[PDB]
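Working notes for the structure below.
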Protein chains: 2
Amino acid sequence: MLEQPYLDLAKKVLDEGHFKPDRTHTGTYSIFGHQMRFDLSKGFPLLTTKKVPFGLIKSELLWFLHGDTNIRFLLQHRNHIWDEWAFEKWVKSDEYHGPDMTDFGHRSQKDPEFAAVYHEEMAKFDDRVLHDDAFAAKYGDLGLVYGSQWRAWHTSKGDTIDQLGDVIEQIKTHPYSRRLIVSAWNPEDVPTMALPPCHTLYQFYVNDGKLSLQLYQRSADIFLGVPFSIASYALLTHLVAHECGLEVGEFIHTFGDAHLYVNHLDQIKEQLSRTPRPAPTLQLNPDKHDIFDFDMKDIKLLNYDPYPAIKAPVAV
Amino acid sequence: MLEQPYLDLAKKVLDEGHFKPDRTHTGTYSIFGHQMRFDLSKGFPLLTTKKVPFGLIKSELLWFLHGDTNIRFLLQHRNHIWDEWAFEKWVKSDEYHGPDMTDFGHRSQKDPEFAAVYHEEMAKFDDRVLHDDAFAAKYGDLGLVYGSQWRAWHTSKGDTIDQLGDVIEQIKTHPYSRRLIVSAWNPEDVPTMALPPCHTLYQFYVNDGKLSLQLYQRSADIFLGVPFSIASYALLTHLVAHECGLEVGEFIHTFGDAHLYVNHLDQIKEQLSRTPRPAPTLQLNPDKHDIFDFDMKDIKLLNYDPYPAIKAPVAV
Ligand SMILES: O=c1ccn([C@H]2C[C@H](O)[C@@H](COP(=O)(O)O)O2)c(=O)[nH]1
Ligand SMILES: O=c1ccn([C@H]2C[C@H](O)[C@@H](COP(=O)(O)O)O2)c(=O)[nH]1
């Protein structure tokens, strides 16, 4: 099936992967260097062997495309995928006067019911961000996230470079260009970032009226990470094409350190016992073409019949 | 043999590649997305099926490692691989008072004996660079080349970031880091560069006391380009390891647009008729360890028994 390269990736680290310790203190069976490709004309690569929230993917992509870096847009669409980054900063600020959330990450997955007071404090933060502009502007804005890196690269002379926007015009004006690249790896920021980009960079390729895309992911969480990455960049590929009047080609995914967290073995093992189903169909708004002005309503996922979802203990 | 992934890469674009037009106006049979790996414990990947100048590779690597961006170092070692970039600029300057070298690139491979006056003018330039400091400093310095990008990344606040130097300390202090990256793709320079980096970025990986490296090459000339790239980055991998006290692992090579120029078909076809030989052995100076202070004398290539060299018409 369309999503077999995924399953195979997992099986290869399960069988061939080596134990290697990491940043976050769980263990991982990790390999280094791996490539897999999805021909996007056969269907959209949203895993069927496990239910994956397209809405979270869609809303996260649209946020990116807007050069938006404020968590408020996400919360508006019920996407809480990025909260903890803003929360981390909230806690470390003069204004925070509440139940000390030190290392809350570990201290929630752990036995103490820190998570009880955690979630209510988070609910407060989220509401503040959603309703108080001054607050939203203060802690709701992350700054150095993809949308910033894609649509507002800060140069030395102080200006802003719209990498993505430029790259698209280049594809229209020079389809056969071996320089269609968008990078997220700024060497002058990585050393002070909490999470340097996982999706380091991507490259477009046009040939035969087909638009392909290759994504280089320096680090990957096979079970929790990779499923999203695939649908996100396959969706990007579809959108950019919809604009450049091109047809959709393949989505090549290259990996640096592809790893499986030791606390995800049973989970991944269970998923591998499933038999893939016919992939879903993506349907974009024909009349609308400016992908930078798209909204949830313009992207329709069709025929998605996934197996139920596998719950998994997140690391940290 | 050790270098079989190379030959196979070529055969795949020969058989599976599609015709696609490019920047330089020759044609190319090109594919998009491809990965190959060389286990550096089996030998050094300097092609045997064709004679490849290790000296040019070695001297080019040492120049890089010095953060050197002046062609003078190269000319000193008889490496003329980068001349035409400095020449291009010489010609476009107020001071140049000589036989107009317009589009000399095309106009040399072509029928006119422009190349006659070209090579003597180049010989003059090269001598000026080699002997006159003011001149060397004016046109002999390229500025935005690898060594600059690796050892002197210019930030917004005006300073200089020693990416490579930092990355090495990181490997010593954090071997299991999924962030060991050195990038050459600055978004604020690419739009005005004559040749944006082909070797966009690379990533290190440590595990089991083995140091691996993955290189992402956005564009590749299978016949003329790739052979060098392999030996250059395999040598880099060996040097960095020699320093970090680590053992050498693999060299993974990932490609964006891997292409074969249409005027190289017979040449590549001939090379494929050859049977690989036992690869050579790299021998570094044990006593010397600071790779940034290495010189030609510290890198010994052993047992290199290559087939004669295949001459090939360079494109442009
Ligand atoms: O879309 C995403 C976001 C995060 N991660 C994972 C990758 C690593 O498991 C961890 C980041 O760790 P570092 O490699 O940066 O240390 O989060 C993913 O796999 N995919
Ligand atoms: O080490 C090198 C240097 C240059 N090139 C080639 C790649 C392309 O054939 C051309 C640069 O073309 P663009 O893709 O940038 O347009 O030179 C290589 O393959 N390897």
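Header entry for method reads X-ray crystallography, 2.5 Å.
Each Cβ is built from the backbone N, Cα and C atoms, and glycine gets one as well.
Per Swiss-Prot, the feature active site, nucleophile maps to B:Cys198. Positions annotated as (6R)-5,10-methylene-5,6,7,8-tetrahydrofolate binding site by Swiss-Prot: B:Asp221, B:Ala315.
Annotated features taken from Swiss-Prot, shown on the structure.
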| residue | record | DSSP (3 states) |
| --- | --- | --- |
| B:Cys198 | active site, nucleophile | coil |
| B:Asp221 | (6R)-5,10-methylene-5,6,7,8-tetrahydrofolate binding site | strand |
| B:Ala315 | (6R)-5,10-methylene-5,6,7,8-tetrahydrofolate binding site | coil |
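When the Cα atoms are compared, B:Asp221 ((6R)-5,10-methylene-5,6,7,8-tetrahydrofolate binding site) and B:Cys198 (active site, nucleophile) turn out to be 10 Å apart. Residues within less than 8 Å, Cβ to Cβ, of B:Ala315 ((6R)-5,10-methylene-5,6,7,8-tetrahydrofolate binding site) and separated from it by at least 6 positions along the same chain comprise B:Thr24, B:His25, B:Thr26, B:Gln109, B:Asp221, B:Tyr261, B:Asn263. Counting only same-chain residues six or more apart in sequence, the Cβ atoms lying under 8 angstroms from the Cβ of B:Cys198 (active site, nucleophile) belong to B:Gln217, B:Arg218, B:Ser219, B:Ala220, B:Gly225, B:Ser229. All protein chains shown were included, and the count of other CB atoms within 10 Å of the CB of B:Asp221 ((6R)-5,10-methylene-5,6,7,8-tetrahydrofolate binding site) stands at 21.
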